[PDB]
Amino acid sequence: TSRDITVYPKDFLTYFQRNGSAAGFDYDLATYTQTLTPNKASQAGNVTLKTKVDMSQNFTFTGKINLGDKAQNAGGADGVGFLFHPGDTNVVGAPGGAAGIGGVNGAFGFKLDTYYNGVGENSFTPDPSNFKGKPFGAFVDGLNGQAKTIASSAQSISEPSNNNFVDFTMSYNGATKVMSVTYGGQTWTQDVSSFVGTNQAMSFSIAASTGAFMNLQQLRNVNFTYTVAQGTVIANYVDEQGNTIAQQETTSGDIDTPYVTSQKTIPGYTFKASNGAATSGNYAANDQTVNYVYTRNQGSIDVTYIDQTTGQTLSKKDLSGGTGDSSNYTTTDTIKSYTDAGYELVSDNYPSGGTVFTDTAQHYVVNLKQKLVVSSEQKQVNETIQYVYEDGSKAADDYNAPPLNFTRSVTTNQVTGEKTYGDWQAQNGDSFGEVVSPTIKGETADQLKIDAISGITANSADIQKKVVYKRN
């Protein structure tokens, strides 16, 4: 592998970060010594590995640990915890009974517990009963957050004494997933395959803890041959309201080596912004998430109603919605109002079976004309000559003349009420004939004839004449 190095004593601080207690002390570059905790109460100091570890390759950890100058009976505590978890390179475990492993998720490793915790918290299960007041080295199951000691791995160790450094070797087989830890003559072996659940890259922490009891806890001549894990960029494609719209695109690569992400073209959506990490960058030991936000594409549909008689817009409806959704708009309601008001529908290009908003705009038109109802009014001009005696009694039947009929069209607008009259056409003529008055036997008439009356119009008034007959 290319991502595969050996961390030398002289470069300890390059690859390890002094946290809590340890950050008060400078790595002595003559002894190659790093203080985790001093001989003081309520301490908590760790070294977190800056990178991560490929938990599928072969790593060999070498060094000497000073567990202090006091046993538990003599007021000595708490021990040295080795942490392996899949989480952040900066997350470290709870102190005391959790021994630098408990209270992280997906956590496992090896402790030298120089203090027997018999009373269990929510962060650690009681230490094994077969070790009451006795120092021991053990593997721990920290997956469910609660550090549980593997009672199989529980072998006794030499009490902390005179601040003496004992040899420590932790070796791991990638394919077997088997860890071999040797602390000064005692030897441990455990199958961590159960503990590297799926994630071939784990965070590393060496931690130390004091409480009421205390011990100077240090590390010396550290040698860590391992395969540096690869960084992992994650890329999400989501709408504005969180909901994912495209498959998340998890890449992976050597750290400080370019990663590149891609804006996805997404049917029904336009890119808005990239929240989280840069779309272009370099790879990093913790997991960088580039989200891609998209807007739900909205389509436009308008329906214009036009009075063709005025050539002017009656009303316009504007529908906007998501590319694919139904407007649930009908023209019949807005047509009804108009056809009620005395409009006649000319044309409707709006689809009968509803519309669907699309990426491209939709425009529909409804032409209505002011309804025109052609009527026909008829007028008639009449000539009636009555033939009477001086008493007002009838000498003869009234002559009712061939009537002069007139007719004009009357176009009526049902929207305005306006009446468009045509020209008063004459059906029968303009001239009333001459009417010679009857000759009654033994009478003489005041008018012997009624003269022809011409130039009668539809405006002309009915003629009402009267012939009076005198005796002899």
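Numbers follow the displayed sequence, beginning with 1.
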| query | finding |
| --- | --- |
| Which of 224-232 and 160-168 has higher mean CA B factor, as the PDB entry lists it | 224-232 |
| Mean C-alpha temperature factor, higher of 211-219 and 137-145 | 137-145 |
| Options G96, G299, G81, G75 - largest CA temperature factor per the record | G299 |
| Residue selected from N117, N173, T289, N349 by maximal Cα B factor | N173 |
| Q447 by Cα B-factor - lowest, middle or highest third of the modelled chain | middle |
| Modelled-residue ranking by C-alpha temperature factor, third containing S21 | lowest |
| Record-listed C-alpha B factor of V467: chain third | lowest |
| Position of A41 among the chain's modelled residues by C-alpha B-factor, lowest, middle or highest third | lowest |
| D113 by Cα B-factor - lowest, middle or highest third of the modelled chain | lowest |
